[PDB]
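Encoded as C-alpha cells, the structure appears first; notes follow it.
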Amino acid sequence: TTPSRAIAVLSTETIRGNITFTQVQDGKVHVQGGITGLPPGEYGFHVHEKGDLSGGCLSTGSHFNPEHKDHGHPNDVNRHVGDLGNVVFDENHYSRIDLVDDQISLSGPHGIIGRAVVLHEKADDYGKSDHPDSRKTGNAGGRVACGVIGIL
Amino acid sequence: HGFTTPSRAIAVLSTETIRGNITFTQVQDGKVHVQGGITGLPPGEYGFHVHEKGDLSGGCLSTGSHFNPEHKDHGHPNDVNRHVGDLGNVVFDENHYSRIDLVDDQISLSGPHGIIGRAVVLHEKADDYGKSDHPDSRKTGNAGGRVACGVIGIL
Ligand SMILES: *[C@@H]1O[C@H](CO)[C@@H](O[C@@H]2O[C@H](CO)[C@@H](O[C@@H]3O[C@H](CO)[C@@H](O)[C@H](O)[C@@H]3O)[C@H](O)[C@H]2NC(C)=O)[C@H](O)[C@H]1NC(C)=O
Ligand SMILES: *[C@@H]1O[C@H](CO)[C@@H](O[C@@H]2O[C@H](CO)[C@@H](O)[C@H](O)[C@H]2NC(C)=O)[C@H](O)[C@H]1NC(C)=O
Ligand SMILES: [Cu+2]
Ligand SMILES: [Cu+2]
Ligand SMILES: [Zn+2]
Ligand SMILES: [Zn+2]
C-alpha cells in the first residue's frame, strides 16, 4: 500500500503551518494547507530534494529535479518537479494553499515523501527574469521554514 | 560525479532540551545500520521506535503508534514477534549523551517495511519489550510519553 496522503509541518518562532498532499485524479496531487506568519504578499514554495534538517533548511538541497529541467512556473513543461510556484499571504498574515499538481507524486520517481517543503523569503519569478538566479531558484531568496514530507 | 552512493535517511530531534541526528544506511543483506548521537537526557535507557505516521501536526502524538505492517505484538528488537518499528532502548551516559549504533533486520529504506516518511520517537522511559504485566506492555512497551520526534527524511 503506497500512501494516499502526506503532510509537511512548518514550525518556527514566527511561522506555523501544515501542508497536506493527497493523491487524486489522473496522476495528480492535491496540495492543501494553511500557514501563518508572513506579511501580505507572494513567497516561493518548493519541494527540495533532501529531507535532511541536520543543517536546518540549507541541508534540504536544491529544488527537487529528477528530470534535470530548468526552473519554471508550475504550468510550464520546462520546470523542476518541485516547482509549486508561490504561496500568497493575505492581510491577516495567513496563507491558504489549495492547488493541484501533476508533476509531483506520492510514489515512484516523482515521489516527494521523505523530501522537504521550503517556504522562501520572497516571491519566485518562475525562471522569467534577467536576474542571475532566475533559472535555478527563481530568485526566491533565503529559506524561512521547511518541513520533511511525511506519511499521513 | 564520484562513486554513486546508495539511499540513506536521517531524522533530526530538536527540542529545548534534546538534540540529535539519527542516520539509516542500508548494509549487507538488506539490513539497516542506524547510528548517531542524542544529547539531553540523564544516564539511563529510553524507548526509541519508528512510529507509523510522519505527521507532526499535533506534535509527537500525531505520529501514531509503532510502525507495524505485519500486525505483530510489541517486542524486543531481537524477537520475531515485534513491530517493525521496535528498535529498542537507547542508552544515555553520565554526560547526558547517547551514542546510537545498531544494525536492525526488520526496518528497510523501501518496500513495505520502508520507514522513509515515518517518524522516530524518543520516549520518556525505558521500553520493557512487551515482557511485563503493565496493561500497555504488548503494545507500547510501557515507554510512556514522547519526549522528541523527527520525520525520517531522504538523506
Ligand atoms: C548533526 O547535527 C549537527 C547540528 O549542529 C551538525 O553538526 C555540526 O555541529 C557543529 C558543532 O558545533 C557545528 O560546527 C561548528 O563550527 C564552529 C565554527 O563556527 C566550530 O568552532 C565548532 O567546533 C564546530 O565545528 C555545526 O553547527 C554543525 N556542522 C555541520 C553543519 O557540519 C551535523 O551536520 C549533523 N550530522 C550529520 C547528520 O551528519
Ligand atoms: C495544523 O494542524 C494542527 C493539528 O490538527 C492544527 O491544530 C488543530 O487544528 C484544527 C483545525 O484548524 C482544530 O480543529 C484543532 O484546534 C487542532 N487540533 C485538535 C486535535 O483539536 C492547526 O490549526 C493546523 N495549522 C494550520 C494553520 O493549518
Ligand atoms: Cu527553493
Ligand atoms: Cu513508541
Ligand atoms: Zn525550481
Ligand atoms: Zn512496538
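By order of appearance in the C-alpha cells: chains A, B, ..., then residues from 1 within every chain, and ligands from 1 in the order shown.
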
| query | ligand 4: which residues are within 9 Å, counting only C-alpha atoms and all ligand atoms, as a ChimeraX atom specification? | reply | /B:47-51,64-67,85-86,120-123,127,140-146

For C-alpha atoms, I'd like the residues from the last selection saved as a short mmCIF file (atom, residue, chain, number, x, y, z; two decimals), in the first residue's frame.
```cif
data_model
loop_
_atom_site.label_atom_id
_atom_site.label_comp_id
_atom_site.auth_asym_id
_atom_site.auth_seq_id
_atom_site.Cartn_x
_atom_site.Cartn_y
_atom_site.Cartn_z
CA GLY B 47 12.30 3.74 24.33
CA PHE B 48 13.17 4.58 20.78
CA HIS B 49 10.81 3.49 17.98
CA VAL B 50 9.68 4.17 14.39
CA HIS B 51 6.08 5.26 14.63
CA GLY B 64 0.52 7.39 15.68
CA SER B 65 1.57 4.03 17.13
CA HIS B 66 4.53 1.80 16.46
CA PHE B 67 5.06 1.03 12.78
CA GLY B 85 9.44 -0.14 14.46
CA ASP B 86 10.67 -1.65 17.75
CA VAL B 120 11.42 8.24 15.03
CA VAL B 121 10.13 8.85 18.56
CA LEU B 122 12.18 9.02 21.77
CA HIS B 123 10.25 8.23 24.88
CA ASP B 127 10.87 0.06 26.69
CA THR B 140 3.96 0.11 23.52
CA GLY B 141 6.47 -1.44 25.88
CA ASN B 142 5.16 0.94 28.61
CA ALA B 143 7.74 3.54 27.42
CA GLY B 144 5.49 6.40 28.43
CA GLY B 145 5.17 9.88 26.90
CA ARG B 146 7.04 11.12 23.88
#
```

| Cut-off 10 Å, only C-alpha atoms and all ligand atoms, neighbours of ligand 1 as number ranges by chain | A: 52-56, 58-59; B: 9-14, 19-23, 35-38, 155

| field | Check: which chain A residues lie within 9 Å of chain B using only C-alpha atoms, as an NGL selection string | value | :A and (1-2 or 6-10 or 17-18 or 49-54 or 59-60 or 113-116 or 147-152)

| Closest to ligand 6 among B:99, B:131, B:125, B:82, using only C-alpha atoms and all ligand atoms? |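 Result for the nearest residue to ligand 6: B:82.
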
| request: Collect all residues with atoms no farther than 10 Å from ligand 5, counting only C-alpha atoms and all ligand atoms, and output them as a count of residues only. | output: 32

| query | Hey, what does DSSP flag as helix (DSSP H, G or I) within chain B? Can you give it to me as a PyMOL selection string? | reply | chain B and resi 28-30+61-63+137-140

So that I can see what lies close to residue 71 in chain B, please list as an mmCIF file with C-alpha atoms, in the first residue's frame the residues with an atom at most 10 Å from it, counting only C-alpha atoms and leaving out residues fewer than 6 positions away in the same chain.
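Output file selection_11.cif follows:
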```
data_model
loop_
_atom_site.group_PDB
_atom_site.id
_atom_site.type_symbol
_atom_site.label_atom_id
_atom_site.label_comp_id
_atom_site.auth_asym_id
_atom_site.auth_seq_id
_atom_site.Cartn_x
_atom_site.Cartn_y
_atom_site.Cartn_z
ATOM 1 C CA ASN B 81 7.172 -11.217 17.416
ATOM 2 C CA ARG B 82 7.961 -7.460 17.438
ATOM 3 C CA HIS B 83 6.735 -4.462 15.484
ATOM 4 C CA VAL B 84 8.995 -3.435 12.556
#
```

| request: Name the closest residue to ligand 3 among the candidates A:122, A:5, A:93, A:28; distances are taken between atoms, counting only C-alpha atoms and all ligand atoms. | output: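 The shortest atom-to-atom distance to ligand 3 comes from A:122.
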
| query | If you run DSSP on the backbone, which residues of chain B are strand (DSSP E), as a PyMOL selection string? | reply | chain B and resi 8-14+19-26+32-39+44-51+57-60+86-92+97-104+119-123+146-151+153-154

| task | Go ahead and compute the interatomic distance for CA of residue 38 in chain A and atom 26 (C, counted along the ligand's line) of ligand 2, in Å to one decimal. | result | 13.7 Å

| field | Nearest-residue call for ligand 2, choices A:123, A:88, A:97, A:57, using only C-alpha atoms and all ligand atoms | value |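 Comparing A:123, A:88, A:97, A:57 against ligand 2, the winner is A:97.
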
| For CA of residue 30 in chain B and CA of residue 79 in chain B, the interatomic separation in Å (one decimal) |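 These two atoms are separated by 17.8 Å.
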